[PDB]
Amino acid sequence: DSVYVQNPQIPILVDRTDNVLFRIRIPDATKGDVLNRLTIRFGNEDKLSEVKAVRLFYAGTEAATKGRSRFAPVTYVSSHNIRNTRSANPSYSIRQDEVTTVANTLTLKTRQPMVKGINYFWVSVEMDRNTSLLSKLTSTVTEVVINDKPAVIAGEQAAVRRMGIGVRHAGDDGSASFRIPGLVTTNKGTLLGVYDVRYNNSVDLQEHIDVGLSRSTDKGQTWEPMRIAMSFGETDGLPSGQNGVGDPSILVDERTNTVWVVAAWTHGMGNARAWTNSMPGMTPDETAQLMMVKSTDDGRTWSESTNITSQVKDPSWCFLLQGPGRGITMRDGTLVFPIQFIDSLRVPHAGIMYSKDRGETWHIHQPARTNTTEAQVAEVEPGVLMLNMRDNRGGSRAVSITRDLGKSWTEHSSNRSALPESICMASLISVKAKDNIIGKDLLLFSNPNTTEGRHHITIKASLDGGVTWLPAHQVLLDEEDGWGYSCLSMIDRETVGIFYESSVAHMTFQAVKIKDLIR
């Protein structure tokens, strides 16, 4: 009778064995009905030589109380199972058919007798490991035959699917999880991605957490094995689980190509959250510490940690740390790292930290706005910094401007208006006209484009210095649930990179042409 099809707007990972290409619900089957044949068509332009395999799975039925509008009973390919993040959980999906050479038209068969009511099938797509990150698939279920009669196909399934790469999967290198992405592009065009390595579980500091780094010299097609950018092991003879460092922020000093990573080292504090347990004072026994490493060799090797806590932290603050993601070099060569501090009354404020001496000494002035935390900063115009802030009020990003490196702040017109959020980290970068193919100054922004939950990870572009974010100048990458944090860096003149927590992997990299954003 009737069959529903979903083409989910989620990344096809080039390093995965399985990727959800279609989910399919047959809502009102009679017991014994067989999906004899289903035909997929790929668009004319699609590079079918890059597809290694297409599979048709059966995932059985639905629970009587979970309704009839779902496209699956369970996650088909897990992003958390430390034993398998790369293939379909074989306990939830049974392969019906497989094709290892893919033409524009493809048929998949089954002889599986359906149950009465809801039955779930899904198409998996496996790409070649060397598949272009810039390739796209346009796929449609054109025919479904049940008991040798072609059934009616319904559903929105016209999505243009993009590639990505799972730089870090849950369980990689004995690590439980990876969180809190940062991304910069070195002067040599090298992509450097930083993250928490959370060994024991996925809970925030305090825990056994190191700062990791993934390096790519080929615009993200391949990533060199994980380096530990910063670690404190069993410092002062306290357990490694009372010595975590994380929430990393990375910048490239564009004048020297010296790379800096800043992070919060929590020392002691039992097995409880630093957010609530970091207390006033200055010593490592008293409060979270602001720690920095540097790389002079394009991110290959990393200096020992220097403690900058004494330079910038007020003693009365419960907690000073970087804003996670990245910092910037300004036109005049000032290095800028967004920061956040919880004051004596447990009220969080977003601000900036800067250095005028190639990162030798760091300074913080005034907070931008009350009840904000995680922020990212861009030089929207010469000498003028735009701070884009996570706001505990909910619903929308706070936006301020400073022309004096945070001594005074002014509200931007886009404040609490233009950029929706659910209270989550967001990435903002600026691109100079001469440094990109459109030949105009850009602001690029990424976050979960929702007021509730963390999903619909989206890159947005502004042509007018973040006054307007036109709906036409946006690309949806991941419409399913994840931990939500992202970071942007331009790869080259034509493409932006995004390093983000996604529905398909803890650290996901995707590349998007500027001309896909802007008509």
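Residue positions are given as counts along the sequence shown, with the first one as 1.
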query: Residue range whose averaged C-alpha B-factor is higher in the record, 5 to 13 or 507 to 515; finding: 507 to 515
query: Which of 118 to 126 and 244 to 252 has higher mean CA B factor, as the PDB entry lists it; finding: 244 to 252
query: Per the PDB entry, maximal CA B factor within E207, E374, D297, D210; finding: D297
query: Per the PDB entry, maximal CA B factor within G406, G395, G325, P448; finding: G406
query: Lowest, middle or highest third - CA B-factor, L419; finding: lowest
query: Third assignment of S462 from its chain's C-alpha B-factors; finding: middle
query: Third of chain Cα B-factors occupied by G43; finding: highest
query: Chain third (lowest, middle, highest) by recorded CA B-factor, residue given as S489; finding: middle
query: CA B-factor ranking of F341, expressed as a third of its chain; finding: middle
